[PDB]
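Asks: So I've got this experimental structure, pasted below with the sequence.
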Amino acid sequence: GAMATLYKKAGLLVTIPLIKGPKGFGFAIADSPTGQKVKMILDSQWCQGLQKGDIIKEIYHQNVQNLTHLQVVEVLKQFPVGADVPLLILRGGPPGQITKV
């Protein structure tokens, strides 16, 4: 309703509690005009709550907005299987390589 709609207009910062699965965190990111954007959810069990279109702002409380696509991929890849990694994303609000992570 009204609240959900207004939160989409305003934007919402959401912390997603990632757990690294055997084949990664269960999603793919696109190097988009507006940052590292979630392109696909591949296995939601490892990234509960994460949605297509979410934009990565922090990894493990570190701001990653100055990192490149390849650097963000590299940092996510570095975590060992089973690792808990808080992921802060921006969802909605005032508005090409794709890599599995």
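Replies: Here it is on my side, so go on. Numbering: from 1, shown residues only.
Asks: Just give me the residue closest to the centre of this structure.
Replies: residue 56 (4.4 Å; Cα atoms, centre = their mean).
Asks: Let me know the helix or strand that it is in.
Replies: strand 55-59 (DSSP states H and E).
Asks: helices and strands around that strand, which ones?
Replies: With contacts taken as 3 or more Cβ pairs under 8 Å, 6 or more residues apart in numbering; DSSP states H and E, strand 55-59 sits against strand 35-41, helix 69-78, strand 84-91. Where C-beta positions appear, they are placed from N, C-alpha and C, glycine not excepted.
Asks: ok so, going back, show me what contacts the residue nearest to the centre of the chain?
Replies: 29, 35-38, 64, 72, 87-89 (Cβ atoms under 8 Å, 6 or more residues apart in numbering).
Asks: Output the residues you listed in CSV, with neighbour count appended to each entry.
Replies: Shown next, in CSV, are the contacts of residue 56 (neighbours: other Cβ atoms under 10 Å):
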residue, neighbour count
29, 24
35, 19
36, 26
37, 19
38, 23
64, 19
72, 20
87, 24
88, 19
89, 22
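Asks: out of the residues you listed, which one sits closest to residue 47?
Replies: Closest to residue 47 out of these is residue 87 (7.6 Å), distances taken as Cβ to Cβ.
Asks: Residue 44 contacts residue 38, correct?
Replies: No: Residue 44 is beyond contact range of residue 38, at 11.1 Å (criterion: Cβ atoms under 8 Å).
Asks: Now do the shared contacts for the two.
Replies: residue 50.
Asks: Contacts only, for residue 69.
Replies: So residue 69 contacts 29, 31, 36, 97, 99 (Cβ under 8 Å, 6+ apart).
Asks: Distance check, the residue nearest to the centre of the chain against residue 11.
Replies: Distance, residue 56 to residue 11, by Cβ to Cβ, to the nearest Å: 14 Å.
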